[PDB]
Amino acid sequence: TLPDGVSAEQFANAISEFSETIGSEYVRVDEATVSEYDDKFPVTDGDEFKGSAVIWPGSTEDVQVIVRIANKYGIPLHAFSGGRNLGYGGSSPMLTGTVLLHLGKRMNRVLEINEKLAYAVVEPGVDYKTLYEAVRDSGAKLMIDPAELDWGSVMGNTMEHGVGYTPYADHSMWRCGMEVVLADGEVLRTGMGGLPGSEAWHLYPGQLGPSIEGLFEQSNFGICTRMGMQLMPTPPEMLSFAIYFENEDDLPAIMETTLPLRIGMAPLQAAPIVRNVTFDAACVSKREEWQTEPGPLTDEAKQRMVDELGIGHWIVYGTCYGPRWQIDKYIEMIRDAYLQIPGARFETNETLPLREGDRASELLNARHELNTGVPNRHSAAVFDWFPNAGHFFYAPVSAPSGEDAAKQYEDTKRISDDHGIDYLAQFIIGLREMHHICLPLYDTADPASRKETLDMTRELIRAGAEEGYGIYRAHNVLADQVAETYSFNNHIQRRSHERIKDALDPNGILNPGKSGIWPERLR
């Protein structure tokens, strides 16, 4: 494949210059190597979102040279740390023929772990597993904040405004100090890193004038080669809980209970999750175990998952932190509040410890593990729900309100049911905001499921925008439709993003079209 407006000789000359600056063993055009950077969870069938080549730079100097050669020959680039952005297009570029930079392959060192000041400095390739292991080996009484899959890049996940499940869940809030290669090949150090000799680079997200660290999120402005991540100091004790609710109709009550227990950062010291039974089922069992006809999951089938697994139609997971006096008081208030809802049931990772054959204990231990800074790949089990199960995220943000959540659930199961797509649901109250994660399970190998999933997600996006719900994160194929819903004053936001894009990337080199931000030369 080949980037539109670039000839094979123009492309060949860039490749030969990439090969003499980095070494041809690190510049890959062989189909086998480039195939692996295609979207693992596609929802399209042709030559959309296909890389032409992938480069494995080994240093910040390497990245600078590649970027300079890309400007010289006007070759679009797409840089990433892990390339495992499943649900959002993985490692696939926005434009066909884009040259891909997998930084994580070689630039993958944990550079610093600082116990006294409780932060680490990581390169793109450090994933949750490696950092977890590097802290544990250092002896530092610090914990990480991982996402559900331990192969995620600590840096890359940050770049997407990605979140974990401890009090440090908002990764963008705790990143501090980036080394960024700007679109013209120059190195920038954000914050106090701009000051020779300063030890505050990973301490204070500030400097004279405005911070631009936030500019490098879900954006195409720069390539990050090093990043500081602030780490929660390990408390004396941690206790996880599960709360089981009997009824689909309990969803509003669960939200209305949660907001006043979360907003004051106590007794819910971390954002608790609310997932429907289908989500939990899929992490410990296969679909065929519960139904058999290929249609929408019936009420009879869902009911079997609740009874057999001994869980609820909705399940709340959370964790309390500190010494026991605090945990007991906090656990008592959480237990006390939620059990107002008739039929609710409350367990702890002590009352429901991990026992062999007990599935409800296995998926509590999974949440306890993530919530106490231990990464695992337990959610990967959803990929076996059926053969070739993959996902395609609809993730709107709304105010935390009982029947604000009920209509999103009630409208989302309708629209997924109309397309015969399985609907896995996870709600999160951050503090004042509510994330709805619709996690659809569709057959990645069957084009019928691909189109059914795209048409469905495009309908949910009209449905969300119509009800005042905005998507905060979107797959490559959804970028333009979602960008377009932020419509105030003739898309003044997209046009603001675009002025910044043209200021930092005058030549339109970095992953054109990311988040609906198109360079000047592509309008």
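Numbering starts at 1 and runs along the sequence shown.
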| item | value |
| --- | --- |
| Higher-B stretch (mean Cα B-factor, as the entry records it), 399-407 or 77-85 | 399-407 |
| Mean C-alpha B-factor comparison - 367-375 and 294-302, higher one | 294-302 |
| Member of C320, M434, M159, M192 with the greatest C-alpha B factor (per the PDB record) | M434 |
| Highest-ranked of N108, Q230, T234, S138 once sorted by CA temperature factor in the record | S138 |
| Third of the chain, ranked by Cα B-factor, where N13 sits | highest |
| For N490, the third of its chain into which the C-alpha B factor falls | lowest |
| Chain-relative CA temperature factor third for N71 | middle |
| Chain-wide C-alpha B factor ranking for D127, given as lowest, middle or highest third | lowest |
| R287 by Cα B-factor - lowest, middle or highest third of the modelled chain | middle |
